[PDB]
Every structure is written in structure tokens, then in C-alpha cells.
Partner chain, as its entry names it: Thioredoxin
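Below sits a lone chain in C-alpha cells, taken as the form solved without its partner chain.
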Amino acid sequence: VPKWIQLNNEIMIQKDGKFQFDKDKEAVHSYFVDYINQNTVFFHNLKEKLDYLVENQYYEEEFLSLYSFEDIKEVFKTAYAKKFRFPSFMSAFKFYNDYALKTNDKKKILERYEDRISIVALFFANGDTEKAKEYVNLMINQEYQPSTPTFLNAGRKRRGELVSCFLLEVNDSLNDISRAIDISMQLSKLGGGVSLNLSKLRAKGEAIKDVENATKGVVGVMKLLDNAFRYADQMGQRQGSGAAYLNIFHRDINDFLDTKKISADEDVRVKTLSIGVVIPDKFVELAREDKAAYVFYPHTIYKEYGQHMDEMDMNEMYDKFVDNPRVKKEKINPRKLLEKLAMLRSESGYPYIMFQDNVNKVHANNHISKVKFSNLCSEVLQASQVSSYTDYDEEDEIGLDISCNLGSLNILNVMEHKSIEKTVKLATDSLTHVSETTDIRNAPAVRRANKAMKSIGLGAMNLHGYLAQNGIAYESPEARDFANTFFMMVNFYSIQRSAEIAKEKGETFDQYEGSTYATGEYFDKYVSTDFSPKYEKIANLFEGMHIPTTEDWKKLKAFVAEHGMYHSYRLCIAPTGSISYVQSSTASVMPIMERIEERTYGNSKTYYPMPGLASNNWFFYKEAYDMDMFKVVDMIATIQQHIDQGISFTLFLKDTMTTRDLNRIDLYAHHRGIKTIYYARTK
């Protein structure tokens, strides 16, 4: 075994009844000295390194040409002036195995952490030396973390897309379905995950040009999408991941769920296609009263009313559909469907549960469209318009398709530096640059919506790490108070930066005037309620930082009304997975699954304690499965009220908790305002 791995295994070797947590720093030192410093290509100067990387098609030349070499050298000096040291071996291992640039033969390492960060900052700044140095300070302090696509591929020629997600609306036509397959493959080859809304597709047994019982339902389209994502497997290095979302009132909802059953035959089962279920409040009401529900055939509704099933408010039009003889449906049991959802999530973790009315109750851009579906990570909730892809040599009607411009704030490092405002504004600027520089030619709706909506996703991570390292239990009300204050601050400064960008560019996002930002309805709870901490301990955490008040929110509302808002969406909390290791952070705002992660790499067993774990804060780092899921729902809903998009909310379930417990958690999440539920992780 290697020396660093052997030293890492001494974490679990307990002496005097305590874990040898100090051995981890020795593991980082051994790892670097024995592997990294030996297998990193070193050049006589930064000029030679840059020439080698651009000439050998490792870096793009366009973004480096915006700076003189003096500016680039100063930026790299700023990155290395911090003298950043990885505090855990797993952080360095993750970076130098996944995100560090390597030679074409993968034998050596071309990029350090201070090199990847410098290149990403130079990409973000776009010719500005001071902005590049600010980004370098932001990332080397680990206050803000660009998403895995953005961090990996910024300024590199051998890349994919910096966009993490692609949310596609699939219209009810063979041409539209074929274009959905094409766009799904063209966006999977770019690396980003693709989510598709299949609620517009007509159900099984529907008519294709007045011949009845002709359709095979959305399950055939899921088969096509699953094989399309399998084909676009990105070399197999990361398997093609795709999501499919269906409204729970869609007739195919039972067959939609039947594909995730283990007992399901290979003739119906889909493997690479994750599934999500969109649940309007009407379904929850029907389940609550234990009255028979109806799943409708979408094409009958489209023929009768001229509008798609998912474009109509089901809370208002459910009765109209039911008493309509020209609308086809079959009676179902909403409580039986809820139990089926609970057991499917217990067995496989699917489907993602999207509470449509919870999303659209506080959705700012309902005028553009209601949020009909979420992304593969079940955290992006944006307005989308379907695209009517017509026959060849006929002009297509291009709609709006959602894309992830993701970035995560490290709550621990953000609040240690007392720079919530600066970090949020710089992250918003970086995400704006990523959205602007994204130009996807094979996805027309994605490109059009990226140009028009200018939506970005600014998430946060290391919530549990910050709370445990500050002596706050995740389920404690003080933790919820801190999350309320912190995410209200984040929302305030994200809105402020969006309005500042709109003022400086003279343009807002498309159809901004109809949004609640323009009408001032979005800021109602912010100008009516004070989100300052209610606990003295929590208020001390924000000391040295100006917490926005009701009057400050009124000034921000006036500023937005006068100048507009550049981004339709700004905040969405992604799961923050493999990049959380590099930032030495807990994943997302979720609680930690295990105090010490047991990971297998090759023939070695590697251990990763969560950052800041020690004897004093051992019980503050409570495992997620040990937590009360209701209090985690409370925490997320406290965070959710300050996030305009959704949060990737994973349910951590014990083996002893039945499907009724999972359904209770789901219904409490719906009752508390949770927008989406990502996963049901059973231990």
C-alpha cells in the first residue's frame, strides 16, 4: 500500500479511545511529497507552461488572449500567494484524480489547484485583471466553488459544456420526440445531465391521426431516451445520465413508475433514465380526502381545450376534466398511488417528487410559464415553453429549455471571511459569464432560453459542516435560524447583483416585466418580515456583516423596480457531490450521511472524516440517517423560502422505517413548502 493511503488508514486505528484525526494531515503531506510533487510537470516559468498548454490543445487561446502575460502571471502569483494546503487527503485525491489537468497519456499532472483556480478565474474575468484576482481570492479562499463542469472545463480545449443541466420540453409529436432524442444525445455528449418533461406526450392507447389505441405511451419514449443516453455515455468515463419527469395526473403515471420496479421485465424496464413525478396540490388534496382520483389522457384534453394538460392549473381544471365526457380518464386511488410512490422510493430511491403548487406558489416567472418539471438533480425549477419541432424544410416553433449555470458557496468559508455579499456578487458575475459564453448550436430551445432568461444557479454547501464546527446541531432551531439569515442574505445580494447587472448592461431577462420582481410581489415577505437572527448565538455568527433589514429590502425592491433584474433565476442548491471533497465541505445543505466515509479506491480502503470532525464536535456531526426527517424538512423549508429555484433534498431513511413513514415525510415536506424531493436513501 502507498504511504499516504497507509497513513489515511490510521484514522480508524483508535488510540486512547479517540480517532487519529491528525493522521489525515500527515496523509496529505505524504500524498503530495511522494506522488504529486513527483508527477506534476514543472516548467522553467509560467510562460513556458502556458505555451505548452495552449500549443498542445490543452487550453483555449481565446480566453488567455484577453490578458497580457503580466496580468496572467500576477493572477497566478495571487493564487499561489495564499499557499493553499489541502486539509484532508481525500480533497487532494479528488482534485488530482478528477479535476486536475493531466497529460494526454495520463501519466503526469499538468495542473495544480492554484493553476486550475487561476485558469477558471481568468476565464471568468474576461480580460479584467482585477476581476481575475478577485475570482482567484474567492476560489483559493474556497468561498465559492464553480460547478464540476465549469470548474473542470473552464479554459480547456478538450472539454464539454460548462452547463450542468438540460431541461427539455417534449411536445406530443413524433417529430418533437425525435428532436428530443437528438437534443438529449447532443447535450449528453457535452457532459451535462438532461431532464425531459414527458407530461405532454399522450398516454398509451391514444390515437395517432384518428386511429384509436395506437400510441404505446410515454414508456416507449422513455425507452428511446434511455438508449439515447446509454449511447451518449461520454466514453463510458461517466455514464450518460438522464431524467424523465411526468405529471402524476398523466394517465401513464402507473406505467411511468412501473419501469423502476425491480420485478419489472426487461421489456418495460429503463436503466439509465432517472424518473421524477410532478405532484400538483390537487393530487395531495384527493389523497387527503380518500376520494377516487382520475388520471387523464393528455391528448383528449389537448383536443378538447386546445392546451396541454400540464399548461393548465389542475387545482382549477381537474373538475372540468372529470365532468367532461370528451376527456378520457380512468379512476385511480390517490392514496394507493402515494403508497406506490413511497415503496418505489424505498426500493430504488425513485421517483423524484416535485410538488408543482409548492414550486409555483412562489415562482416569480409564472407569466412566462409554470414550472412543470425539474432537472436530473431535482433542484432546478424554472419556467419552460415547449418547442413545436415541425417537419423538415418547415420552420420550427422554438420554445424555452432550462440549463444549469451552477455554482456553490462554501458556507463555512463564506462566513469565516464575513463576505456573504462579496462572495454572492462575485459568484453571480461568474455564473452570468458562464451563461453568456454558453452557445449550444444543436439545442435551439436551450440556446434561446439561455440567451433570453439568463438564468443561473447559485447554491450553497457545507451547511452541516459549518453548523457542527460552530457547535450547532443540524436539527436545532438555532441552525434553522442561521440558515434563514444566511440564505436571506444570499438572496438579497443575488437580487442586488442581478439588478446591478441589469443596470450596467441596460437589459433585463426576457419577459421580466411580468415577473413578480417587477410587480414587487416577490419582495412582500422581505419587506414585511425581518429575517435577522432570533438567537444571540446565531447573531454573533453574523457579527461584522451588515444583515439586510426590512428597510434594506425596501430599497432593494425599489432598485429592482427602477433598474430591473438580469437573471430570471439565481439560486438553486445542487447536491454538490465529488467537488465537495475538493472544497473540504459537506455535500450541499444536506446532513452528513456518515461521520467517516469508507471509500474503496483500487485495492485500497480510504477513509474520509467530514471536515472539522473531532472529539469536541463528534455529536454535532450527527449522521443524516439518525436525524429526524421532519426537522430536516424544517431546515430545508427554512432555506427553501430564500431560494427562488428548488433544493436537491435527499431523504435519509432507516431500514426500520416503513412506507407510511416515507409518505409522512413527503406530505410534511409538501405541507412545509418543500418544492422538490430528490432521493430516498435507505440505510
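Numbering follows the first chain given and starts at 1.
The discussion below concerns the form solved in complex with its partner chain, not included here.
In the entry with it bound, its partner chain sits within 4.5 Å of a heavy atom belonging to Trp618. In the entry with it bound, no heavy atom of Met545 sits within 4.5 Å of its partner chain. Heavy atoms of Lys18 reach within 4.5 Å of its partner chain in the entry with it bound, making it an interface residue. Its partner chain in the entry with it bound comes within 4.5 Å of no heavy atom belonging to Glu62. Across the options 27 to 35, 42 to 50, 618 to 626, 640 to 648, residues that bring heavy atoms within 4.5 Å of its partner chain in the entry with it bound belong to 618 to 626. Screening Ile501, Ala473, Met317, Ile332 for any heavy atom within 4.5 Å of its partner chain in the entry with it bound leaves a single hit, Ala473. If you take 632 to 657 and check each residue for a heavy atom within 4.5 Å of its partner chain in the entry with it bound, you get just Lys654.
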